[PDB]
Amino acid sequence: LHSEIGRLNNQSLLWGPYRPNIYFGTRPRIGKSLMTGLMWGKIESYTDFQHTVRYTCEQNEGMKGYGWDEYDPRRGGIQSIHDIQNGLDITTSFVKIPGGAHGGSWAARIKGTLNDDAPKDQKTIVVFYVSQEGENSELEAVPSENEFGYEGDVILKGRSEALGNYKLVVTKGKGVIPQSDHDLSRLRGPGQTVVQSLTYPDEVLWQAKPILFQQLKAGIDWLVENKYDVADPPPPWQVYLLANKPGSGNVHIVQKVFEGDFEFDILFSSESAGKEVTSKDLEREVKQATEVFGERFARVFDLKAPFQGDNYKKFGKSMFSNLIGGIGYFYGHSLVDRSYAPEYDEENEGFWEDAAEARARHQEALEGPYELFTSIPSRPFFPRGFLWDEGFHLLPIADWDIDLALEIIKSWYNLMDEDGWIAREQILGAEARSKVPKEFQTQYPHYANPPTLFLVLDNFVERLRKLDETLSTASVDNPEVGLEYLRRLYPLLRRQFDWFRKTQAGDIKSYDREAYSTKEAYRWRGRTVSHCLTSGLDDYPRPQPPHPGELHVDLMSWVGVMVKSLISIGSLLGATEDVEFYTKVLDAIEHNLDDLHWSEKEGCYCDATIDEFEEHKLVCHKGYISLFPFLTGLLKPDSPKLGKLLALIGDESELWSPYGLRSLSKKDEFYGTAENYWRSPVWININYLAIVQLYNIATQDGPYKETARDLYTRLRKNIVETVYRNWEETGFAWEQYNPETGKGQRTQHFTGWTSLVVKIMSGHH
């Protein structure tokens, strides 16, 4: 039955608009296969189209906003794009139609409406670009009847091992096609849909924009060569209409020019499914997916007071749709330094200089190929997998569709190497590398990131203990399915736990350090004078200078998270010996968090270091790090340490702002200094952990029940309202929020863990 559910999940999830790095395109979850993408741009002159055309996602003054209004990767969804530069409001509807043996069929409608500011006779070029990778596969445009291009539909017929036979149609569409009365029309036609079928080596087909422009440029070269000149030039839109030449190839460019509003469909029909997809099917399936989305949302994300109103529901649907709509499929090689230089051990004072020296040996090389199916922090800025971000992304996604979340977890763990390492940033293949400066591509096997994916597993385990609709929860509704899943995953979880302990160990025995356990101490590798990128809290202040004798309280807390998960999952699988080992480890961390990290004088937890005099010293910087044992759920509900942390949490002169908890205290010497990334601003992910833990204390008997209820109530409201107000005003989720003004700042379209807000509103943790 586990095999059966797996096969049905595979077929269900195979197709999607899984290219979030671009405004709109599709690909299946197969490395070398068929991929599509859309481009559009107004043309008002002979030189503007290169500057107006749109393809890869960005966010700047010429784009009002864009994103998914509704989305479910099993069914499809609807995206809206509001383009100021091109004067257009665009909708892309995508829908999936199950059937056959190759992951089913799909369709999309592309609709463009000029906004109020645009000239009513604006000319817009639209291109649908199709490529197919694979040694043996084939794809051919059926030639038109007409002399110069197509009066009606463009049909591509293709075949591959992965997809079997299929056809992909770009419909005639609706809207005015401009017509040229120029002499050129005798040789190029007066204006019509055109197709060019080309071939390039497979590894460059992703380069759609250069490939398109190389063809446009050759068309212009032809004009010049054939005496079309400035004494009597064709209109710009005709200069930029490709000469029709359909045929066979691994690239097909389908181009249309519209005057005023327009729309057209893309119909992909899997031959193994029988009857082909029509436009009427598209319209029916789009209607049905919306109805299903609405019903699931009201069940899964039932927003509680004071967020029950229609305005907050629309807000929630947007934040959620943008999060799950960010899911991509990525495939290719990644850049990794496999030297294991000894400098990377960081065992000496001044280690960051030695590690820099090793990095300058540039031993990294491409390896793989790897694949990844994952949600992402940001379409325009960070369109790829980030390890600790993904644990937060999956908490709302697991609510919606636990089977999908487990699929993504499995994808990530399938990257793990023989030692237990998963690179914290997954830049897979040339297309992915194209967005990233070369200096930032290389991944390092000694660099960790918080194991937040364990949080998602925790929720799954709790559900486990306590047709698309059926598949979405199959792994919990069938207990033996969920548990076979855990059985396969458990060894990888254990390997990663061992890896943290092997590679991120701190030093107790070499110094005058007294503690209950001589084993439990942790130090994040990879720190520089001003940063600790691997912790996730880039510029949060740490001991200065960095030192091989540092101990980081957040990392120790994350180890505690992992050991608790392993206790839960080990128990289910009957791993008796393992559980005894984990039990002793947890006891040890509970004691050592106190012995090595608790500051009585400051009333919170602190990182530690070793003095100029080789003595243990606490380094207290009150902020998120100070709260880590509470955030990760390691403190008992009656702990006096807890009570002091609640005082710090609620203190307006420290962490509490009207807009959420500040990352760093206003009273800290580093508040609002340098780049100020994690040195004051409000971050939704850590606020989310605080909210969930406050709620935990609030709904249990104990000394702090009432304090926690009060802080829970207010922090929920502060956080939700901050993200809501900014969204109302700007259309965006932001990376972080200003604690003085409440304004979203840093990057836009951060969905992204800011989307946790949907689950804070729905409550009932």
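Superpose the two forms; the largest set of C-alphas matching within 1.5 Å is the rigid core. Quick note: we count residues from 1 along the sequence shown, nothing fancier.
So if we fit everything on the core, which stretch drifts more in 9 other deposited structures of this protein, 554 to 562 or 267 to 275, C-alphas only?
The more displaced stretch in 9 other deposited structures of this protein turns out to be 267 to 275.
Unresolved deposited residues lying between neighbours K466 and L467
A long stretch, 10 or more residues, is missing between them.
For the higher mean C-alpha B factor in the entry, choose 585 to 593 or 195 to 203.
Stretch with the higher mean C-alpha B-factor: 585 to 593.
Of the two stretches 110 to 118 and 505 to 513, which shows the higher Cα B-factor on average in the entry?
Taking the mean B-factor of the alpha carbons in each, 505 to 513 is higher.
Which of these has the highest Cα B-factor in the record: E550, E390, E145, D554?
So the option with the highest C-alpha B-factor is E145.
From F460, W237, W412, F382, pick the one with the largest CA B-factor in the entry?
The C-alpha B-factor peaks, among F460, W237, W412, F382, at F460.
Divide the modelled residues of the chain into thirds by Cα B-factor and specify which third, lowest, middle or highest, holds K705.
CA B-factor rank for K705: highest third.
Which third, lowest, middle or highest, does the CA B-factor of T730 fall in along this chain?
As the PDB entry reports it, the C-alpha B-factor of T730 lands in the middle third of its chain.
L139 - Cα temperature factor, lowest/middle/highest third of chain
Its C-alpha B-factor belongs to the middle third of this chain's values.
Quick check for you: using the entry's CA B-factors within this chain, is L223 in the lowest, middle or highest third?
Its C-alpha B-factor, which the entry lists for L223, ranks in the middle third among residues of this chain.
Which third of the chain holds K280 when residues are ordered by C-alpha B factor: lowest, middle or highest?
Highest third, going by the recorded CA B-factors of the chain.
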